[PDB]
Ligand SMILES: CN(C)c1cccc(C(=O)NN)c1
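One chain is shown next in C-alpha cells, namely the form solved without this ligand.
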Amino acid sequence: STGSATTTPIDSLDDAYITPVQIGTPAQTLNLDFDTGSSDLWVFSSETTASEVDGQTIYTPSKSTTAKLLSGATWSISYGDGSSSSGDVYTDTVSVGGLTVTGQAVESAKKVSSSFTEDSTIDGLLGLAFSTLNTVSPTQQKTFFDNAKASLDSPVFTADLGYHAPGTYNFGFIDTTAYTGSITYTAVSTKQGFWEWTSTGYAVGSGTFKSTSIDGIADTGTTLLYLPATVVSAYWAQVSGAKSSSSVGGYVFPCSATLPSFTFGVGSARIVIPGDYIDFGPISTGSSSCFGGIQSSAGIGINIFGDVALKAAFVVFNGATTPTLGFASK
C-alpha cells in the first residue's frame, strides 16, 4: 500500500504545515501538524475543555462507529517550545492520503496549552518519530507510520515541504519526479527516539565550506533551524545590522537586509537554503526589525533541522530495520 497527502503552510511565514487526516467512521477530517520530532497522534476533541477550544475542528469519538475507548490509557506531552497537552485515548481508523490504519491510537485532548488554543488552524499533531517516545501510559502506543509500515510497498515516508507553497507527505514510496539529482543517505541514531543524524558541515552564502560534524534531528514539527552558537554567529555576521536580542529571544536583522544562503552537508552532498527561507518577518506588526530563521541551539540541548532546512530538500525517512535519512535537492 501507499499514501500521498498535500501539506499546506498555516500562514504566510510557513510557521507550520497542516495535512488533512481522516479519523473514524464516517470520516472526520482534521488538519494535523505532521511532526517527525514526536510520537503522539493527538487531536482536539469533544472532550477538550471548552474554554481551550477556539476555532479548531474537533474529533467526536461518540460519532465514530469504529472508535473504542482504550481503557485506562492516558497521555501527557510537553514540547520544546513549552507547549503541552494531555487526555485519554481511543483506538480508531485513521487514513492519510488513501493509506488506512485500523486500530490506531488516537489521543483525545482534555487539556491543551494556550499556544494550541490560540492557533485555530491546527487540529492536533501526528507524530512520526520513533514509537519509543510515545507518551501513552500504562501501555505505550505505536505511531501511524509504525502501524502502517508492514503494509507499505516500502517502509518509508517522505517529506517535501514547500516554501510559501503546498508540499507533499508520501508513505510507502519514493517519487523520483519530486527531486533533482540523487538522494544522499546518511546514518540515523534512534537512541533518543528521534531521526537523529550528523551533518558534515556548513557554508554561509558563497563562503567556503566548513567541514565539521553537527549532530541534530530532522524535525518537521519545528519551524526554525537551530544550530550551535558558533555556526549561527558565523551566519549572522554576514548580515549588516543583525544582532542577538535577549528581549526578542534570538537573532533579529534589519528588514531591509538581503539574507545570504546557508548550505548544510549531507555526506559529500550539499543542501542549499536560499536566503529568503531564513526571513520570518517583522518581530511585531509594523516593525523594521525581522526575526531570523537560523537560531542558536545553546538553550535547547540539541541541534534541530526544522522546516527552514527541511523545506530546501526532498527528505526520505527510511524506516527499514536499520533506519536512515535521505536528502535530495529539488
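All residue numbers refer to positions in the sequence shown, first residue = 1.
Omitted from view is the form deposited with this ligand bound, to which the following refers.
Q: For the unliganded chain shown, is the site open or blocked after superimposing this ligand from its bound pose in the deposited bound form, using a cut-off of 2.4 Å to backbone and C-beta atoms and a threshold of 3 ligand atoms?
A: Result: open.
Q: At the 4.5 Å heavy atom threshold, is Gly37 in contact with this ligand in the deposited bound form?
A: Yes, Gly37 sits close enough to this ligand in the deposited bound form that at least one of its heavy atoms falls within 4.5 Å.
Q: Would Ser78 count as a contact of this ligand in the deposited bound form, using a 4.5 angstroms cut-off between non-hydrogen atoms?
A: Residue-level check for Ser78: yes, a contact with this ligand.
Q: Using 4.5 Å between non-hydrogen atoms, is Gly167 touching this ligand in the deposited bound form?
A: No - in the deposited bound form, heavy atoms of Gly167 and this ligand never come within 4.5 Å of each other.
Q: I'd like to check something about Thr158: if you look in the deposited bound form, is any of its heavy atoms closer than or equal to 4.5 Å to a heavy atom of this ligand?
A: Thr158: no, not in contact with this ligand in the deposited bound form.
Q: Which listed residue (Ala269, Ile302, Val53, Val272) meets the criterion of a heavy atom within 4.5 Å of this ligand in the deposited bound form?
A: The residue from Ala269, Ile302, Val53, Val272 that makes the contact is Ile302.
Q: Here the chain is shown alone; which of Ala242, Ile217, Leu99, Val231 has a heavy atom within 4.5 Å of this ligand in the deposited bound form?
A: Answer to the contact question: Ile217.
Q: Pick from 205-213, 233-241, 220-228, 142-150: which stretch has non-hydrogen atoms within 4.5 Å of this ligand in the deposited bound form?
A: Single hit among the candidates: 220-228.
Q: Can you list, in sequence order, the residues from 178-195 that come within 4.5 Å of this ligand in the deposited bound form, counting heavy atoms only?
A: Stretch hits: a single one, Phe194.
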